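**Student:**
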RNA sequence: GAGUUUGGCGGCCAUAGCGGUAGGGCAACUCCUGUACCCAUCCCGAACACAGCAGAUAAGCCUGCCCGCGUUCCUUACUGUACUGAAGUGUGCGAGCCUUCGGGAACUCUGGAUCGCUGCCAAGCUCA
RNA sequence: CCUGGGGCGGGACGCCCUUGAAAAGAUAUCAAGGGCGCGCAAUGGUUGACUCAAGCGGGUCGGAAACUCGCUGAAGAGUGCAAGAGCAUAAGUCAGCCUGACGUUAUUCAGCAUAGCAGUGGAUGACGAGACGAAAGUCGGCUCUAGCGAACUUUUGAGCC
RNA sequence: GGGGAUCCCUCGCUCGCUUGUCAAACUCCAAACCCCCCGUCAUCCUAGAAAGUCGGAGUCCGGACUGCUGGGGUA
């Protein structure tokens, strides 16, 4: 709302409402790579990001769309998909060489049992070292996809296909 | 101002955070067997007594609140640099 | 009468321009400097910590070490060499 | 997708003085709304009401969904489905006041309680006002996606048949 | 109290009235004279000072009174427009013991004007140019600076 | 392998803002549908969260355009003006001001542009 | 003691901010504006969630004096108290849990432009213990700069000589 | 909100678009000097740079000219 020369406009990313710069400063003071976890309504996405004076640089990137090749047919935007994406991202970064980072959720609310924390647990179980406390993890039943007991009998195959995709991804990255 | 009677803080002796009770420190009576008392009694005679005929000075507008923190576990007390307040109370 | 505080005569020394007030760009806080590198001291008023004396604002110091987050700088002040401690938020590399 | 749906309906009782009258007002409002009400707090002490800073003064409740729809139908019944133009805000919102909580079935007049009035306001938004309410990527809606007074009145006519005089 | 006291400019400005106390109000009442609404006066002369000086509000009021009287007498009550451009912004103070704590008390207000700065502007028709010029010369006689009249508009209308 | 679309993280932090106009979504995003659940409301699944079959580009987002306010840059006039570094047996009754050499505005005006540029990665694609 | 002689008046006699001060630093006067000799277990730390002042429109003797809804609103509020500076997904408001308003210790500032007191800033140091938080971090009080005192003496704390 | 039962009508401030003026303690702008650092030339420097240590002091009544419209002051 530039009223005149005295008006102050925020940064572009803050104007777009995509970043908290106070959190960004606190995370950059780590001097560690950021495991940036962002979730949309239909899938989840994880990146490994390092700062540069010219911008951010990404070392590794796993999305939910990669699970279909490993044999996942469930919704990419739920807990099982988030956990699988986290495991895939962690294993891929371990393959590439990077093995450490700090969790970056941005503006996402910190709620126990969220898809963000399912992806975090997947990254942890992939061997990718990252500080955390287990109390924010989702229950193992709903990481396997016990929410399929609610309304969908079609989704009753989520635990078995969960295990199958997990074993296939472990075979691919081990 | 009010400070709580009991709160959890660091004990320098047991080297942990324990509960400690705060106690106001009362100034004690000066011993009559101290070296300064003996020197005063020795320099008392006829005439001016020097520094022993000095009248005590004035007072600052506010005095510090002399507090002492006793660990509830080892029962040892330590005293820290203290604030300066007109009115002091313990929260209970 | 006139005081002798650290913030003496800092009204414009510790001002921000109109369109840079607020949170500063965070990139300036995670920049690393090498031993012997020359860096300017341009104090950021919004970063109320790690700030050297405003007397050294506008001076070029030489990085001689690091004390955690902050950098130690050798800075000329008249004819003396001072060791100035500064977070990188107030620092800036010299360009050749 | 430009139907001016009902974002929310708010019922507010400005008693003006806390205590047993406030408790009775909040209980009757909870009965008439089917949802917990919240106590409004004064922000400036004033000897006229003799209230102080941050003292409970009134109550208000927000209703969303079929509960809001049914209560709005009821209140439009008490107003006989009537609502004139001047009630409407400049941006599609309306509010009107009533006096007799006894007009809502399921609650009885009490000589101790008296009769407390209240104002009900429904806010008319469009399907997609989440853009300004969500946390991430929260942009203000453009002026071309808001709701006009005639749009709101047409919606009211075609939804509840509330003629505007 | 002669105007030669607070005449030379030797000092910084003194105008921030929130950091001083008790400034006497200015004697000058109006700043626009004659016919204020009309703007279609063809001839438009002005009085410019040729030295950097401080003009007290009483001197401004005296010059305004004399110019306004002359213009009203010659051109009529609405035959002219007169604008006093400068406001007394500087605060004149006086040291009222001797020289200990000599920072003065506020005694008046003055306008700090620069060389070639317009003080008064008079707009009139073609036939009233000499009357306006004579009145503005009379006004300049009351000011603490040498002055000159310049024609701003209507030079070809006069000659 | 080059380029485009979209998404994520960013840099400079209005040249990017505020405002107006016309088009798009196959994928992606989004709006959007619910509240078994993890999580939540000083009340409200509004939000957050979870689980998501439709509809929709009307919004967010993207592309094109508009000089309208704001900003930034250029151009002409003001103008080498204001101011100023050095020096001066130049000058004023005085407050001061002048000459030379060297630097050099701001505002306004004439006429223009500016309705962001840009780094890394990923995924869909468009290849010889 | 200072002091446009001294005296009377006053304290420019200790500390902090703006101007004076001439765009690095320094810079005097009984120079101008002034303030401080405190308050606060919350008016403090951390986390979460929110956004303020003031206008415009809607809502009942709830009056243009309340409360509530919608729009505008980079801050025109608040942040304990002078002045200046800082701060908007906050350094503000509310709520959850807390006491880092922690013991010891090293440097350098700029701590007082200082050769030079007490003492302060650090805050990025270190050791040892913690609060909050997924973590990153933040916390050595209150957003930064005032709120204070040598030697000797006594009293108090822990263990020693 | 100032003036002489339908507040029957007169209207100063307040808020904007234009005129006219301002500021030590205002700044959307913004020099010339000046300051730190880098390179360069220039000068000094092994007939000893910068730095360090030690011996001996004097000095803390100053004044003037040219600028800073320096501050204060009628001067």
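Chains as they are written, first to last, in UniProt numbering: chain H, 1 to 174; chain C, 1 to 92; chain W, 2 to 97; chain A, 1 to 165; chain X, 4 to 99, 111 to 173. Virtual Cβ for every residue (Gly too), placed ideally from N, Cα, C.
(1) What residue range is occupied by the uninterrupted beta strand (DSSP E) comprising residue 41/W?
(2) Considering only the alpha carbon of each residue, which of 147/A, 102/A, 129/A lies closest to residue 78/A?
(3) Pick from 67/A, 44/A, 83/A: whose alpha carbon is nearest that of residue 182/A?
(4) Taking Cβ to Cβ, would you say residue 73/W is nearer than 8 Å to residue 86/W?
(5) Relative to chain H, which residues along the segment 131-165 of chain A have a C-beta separation below 8 Å, given in chain order?
(6) Which residues does DSSP list as the beta-bridge partners of residue 50/X?
(7) By how many angstroms is the C-alpha of residue 20/C removed from the C-alpha of residue 10/A?
(8) Where are the beta strand (DSSP E) runs, 3 residues long or more, that stay fully inside the segment 77-111 of chain A, in chain order?
(9) Taking the straight line between their C-alpha atoms, what separation do you get for residue 27/A and residue 80/C?
(10) On a CA-only basis, which of 133/X, 118/X, 171/X is nearest residue 156/X? Give me that one, please.
(11) Just checking: is the beta-carbon of residue 44/W within a distance shorter than 8 Å of some beta-carbon in chain H?
(12) Select from the segment 21-54 of chain H all residues with a C-beta closer than 8 Å to any C-beta belonging to chain W, and list them in chain order.
(13) Based on the DSSP secondary-structure assignment, which residues constitute the bridge partners of residue 73/X?
(14) Of the choices 15/A, 89/A, 71/A, 54/A, whose alpha-carbon is the least far from that of residue 123/A?
(15) Specify the secondary structure class of residue 142/H as computed by DSSP and reduced to three states.
(16) Assuming residue 136/X and residue 150/X make a contact with CB atoms under 8 Å, what is their CB distance in whole Å?
(17) Would you say residue 147/H and residue 79/H are within 8 Å of each other, going by their C-beta atoms?
(18) Tell me which same chain residues have a C-beta within less than 8 Å of the C-beta of residue 24/W, skipping the five on either side of it?
(19) Are there three or more Cβ pairs, one per stretch, closer than 8 Å when the segment 57-66 of chain A is compared with the segment 4-20 of chain A?
(20) At what residues does the beta strand (DSSP E) containing residue 94/X begin and finish?
(21) Any idea what DSSP makes of residue 22/A, helix, strand or coil?
(22) Closer than 9 Å between beta carbons: that is the criterion. Which residues of the segment 107-118 of chain H meet it against chain A?
(23) Within 10 angstroms of its Cβ, does residue 138/H collect 16 or more other Cβ (buried), or is it exposed?
(24) Within 10 Å of its beta-carbon, does residue 119/X have 16 or more other beta-carbons around it, so buried, or fewer, so exposed?
(25) Between residue 59/X and residue 90/X, which are expected to be in contact by the criterion C-beta below 8 Å, what is the C-beta distance as a whole number of angstroms?
(26) Is residue 51/W close to chain H, meaning its C-beta is less than 8 Å from at least one C-beta of that chain?
(27) For residue 4/W, collect the residues of the same chain with a Cβ closer than 8 Å to its Cβ; drop the 5 residues on either side in sequence, then sort them by chain order.
(28) Exposed or buried, which one is residue 156/H when buried takes at least 16 other CB atoms within 10 Å?
(29) Assuming residue 93/H and residue 64/H make a contact with CB atoms under 8 Å, what is their CB distance in whole Å?
(30) How close, in whole Å, do the beta carbons of residue 96/A and residue 147/A come, if the pair is a contact with beta carbons under 8 Å?
(31) Kindly indicate which residue of 34/W, 13/W, 19/W has the alpha-carbon position closest to the one of residue 67/W.
(32) Per DSSP, what are the beta-bridge partners of residue 95/C in this structure?
(33) Would you please verify whether the beta carbon of residue 154/H is less than 8 Å from any beta carbon of chain A?
(34) Whole angstroms are fine: how far does the CA of residue 5/H sit from the CA of residue 174/X?
(35) Does the CB of residue 159/H have a neighbour CB from chain W at under 8 Å?
(36) If I follow the unbroken alpha helix (DSSP H) through residue 87/X, where does it start and stop?
**Tutor:** According to the data block:
(1) That run of the beta strand (DSSP E) goes 39-42.
(2) Looking only at 147/A, 102/A, 129/A, the smallest Cα-Cα distance to residue 78/A is reached by 102/A.
(3) Examination of residue 182/A is not possible in this model, given that chain A is present from 1 through 165 alone.
(4) yes
(5) 135, 136, 137, 138, 139
(6) Among the bridge pairs identified by DSSP, residue 50/X is matched with 134/X, 163/X.
(7) 51 Å
(8) Taken in chain order, the unbroken stretches of beta strand (DSSP E) that lie wholly in the segment 77-111 of chain A and span 3 residues or more are 94-98.
(9) C-alpha of residue 27/A to C-alpha of residue 80/C: approximately 54 Å in a straight line.
(10) Measuring from the Cα of residue 156/X, the nearest candidate turns out to be 133/X.
(11) no
(12) 21, 22, 24, 25, 28, 29, 31, 51, 53
(13) Bridge partners of residue 73/X: none, in fact.
(14) 89/A
(15) For residue 142/H, the three-state secondary structure derived from DSSP is helix.
(16) 6 Å
(17) yes
(18) 47
(19) yes
(20) First-last of the beta strand (DSSP E) with residue 94/X: 93-97.
(21) Under the three-state reduction of DSSP output, residue 22/A falls in the helix class.
(22) 107, 108, 109
(23) buried
(24) exposed
(25) Contact flag wrong, Cβ pair sits at about 13 Å.
(26) Residue 51/W does not count as touching chain H.
(27) none
(28) exposed
(29) Actually they are not in contact, since the Cβ atoms of residue 93/H and residue 64/H sit about 17 Å apart, beyond 8 Å.
(30) Not a contact, Cβ separation roughly 18 Å.
(31) 34/W
(32) Since the first residue of chain C shown is 1 and the last is 92, residue 95/C is not available in this structure.
(33) no
(34) Nothing about residue 174/X can be reported from this structure: the residues present for chain X run from 4 to 173 only.
(35) Taking Cβ atoms only, chain W never reaches closer than 8 Å to residue 159/H, which makes this a no.
(36) No alpha helix (DSSP H) contains residue 87/X, which is instead part of the beta strand (DSSP E) from 84-87.
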